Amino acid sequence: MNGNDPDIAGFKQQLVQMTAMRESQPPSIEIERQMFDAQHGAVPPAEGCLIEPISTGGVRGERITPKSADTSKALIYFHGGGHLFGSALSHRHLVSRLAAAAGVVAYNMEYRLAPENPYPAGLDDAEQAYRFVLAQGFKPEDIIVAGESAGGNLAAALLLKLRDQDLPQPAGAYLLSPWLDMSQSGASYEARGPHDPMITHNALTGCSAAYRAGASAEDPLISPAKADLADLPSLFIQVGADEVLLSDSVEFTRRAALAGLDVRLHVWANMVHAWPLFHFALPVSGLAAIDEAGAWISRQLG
């Protein structure tokens, strides 16, 4: 109430205890996928949306249509989950909310996960997801690509992939707490680490090794904050101040700016990693951030 988030303090402590448990006892991947799906799949979608599954040519996900939306405009969202877990199902509750806020159709897309499918399996999928969307008759200018953490990793990598293949860029990209350096470098590990109850250096190290499967962390397609960002589209990045991954957002911003790009960065005080995904626990900062992102997505698509 009244401009403060009454839930963040409580949610942070829940995260502290939760992290202490996962640090002491590193659980099954297949097990954490189910429990992730179970928790998140149980969160009600945005009101008033039609959801249609997609399953054609190994391209898989869901079209989310807010009934108020402009159906000529598309958000392509890739869930996060360290490239280990997450799905369309789990992120439906967030992507639907972002769609309804932006007044656009969302493509809530799946992609192959590590350890079973290391780099470049995910990224090939993301490119195929993007081709799928273009093939529905959306022009590049009618697309924002997005994702949080690992999905943020894919979203940013896709743009680099499109540049390499000399292909036109979407209208923009929305990155939420994106993970853009799979070598875990930045002032924020040390500086924000005591304030980050959710994400540890150790966790990312492990997610990174499984994803790369010996591929170098220095590869820009793996670590987008190591790329030259010349000719990428407009960017909106949301990150929390209380995040080891803070530095990746600021660095990508630096590079985007240096490449001459329109780039907006909002670092939210007191916010933990991908806090909008946690709107069910954090309705004040989480919904307000979904509205901020929604408004940029909407402005960006014209």
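Note that residue numbering follows the sequence shown and begins at 1.
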{"item": "Residue stretch of maximal mean CA temperature factor, 288-296 vs 16-24", "value": "16-24"}
{"item": "Which of 199-207 and 96-104 has higher mean CA B factor, as the PDB entry lists it", "value": "199-207"}
{"item": "Most elevated Cα B-factor in the entry, residues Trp268, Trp275, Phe252, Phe36", "value": "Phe36"}
{"item": "Largest Cα B-factor, entry values, listed residues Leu258, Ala69, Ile237, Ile29", "value": "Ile29"}
{"item": "Third of the chain's Cα B-factor distribution that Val133 belongs to, per the entry", "value": "middle"}
{"item": "Chain thirds of CA B-factor: placement of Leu84", "value": "highest"}
{"item": "Ranked against its chain, the third holding the CA B-factor of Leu158", "value": "lowest"}
{"item": "Third of the chain's Cα B-factor distribution that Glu62 belongs to, per the entry", "value": "middle"}
{"item": "Lowest, middle or highest third - CA B-factor, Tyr189", "value": "highest"}
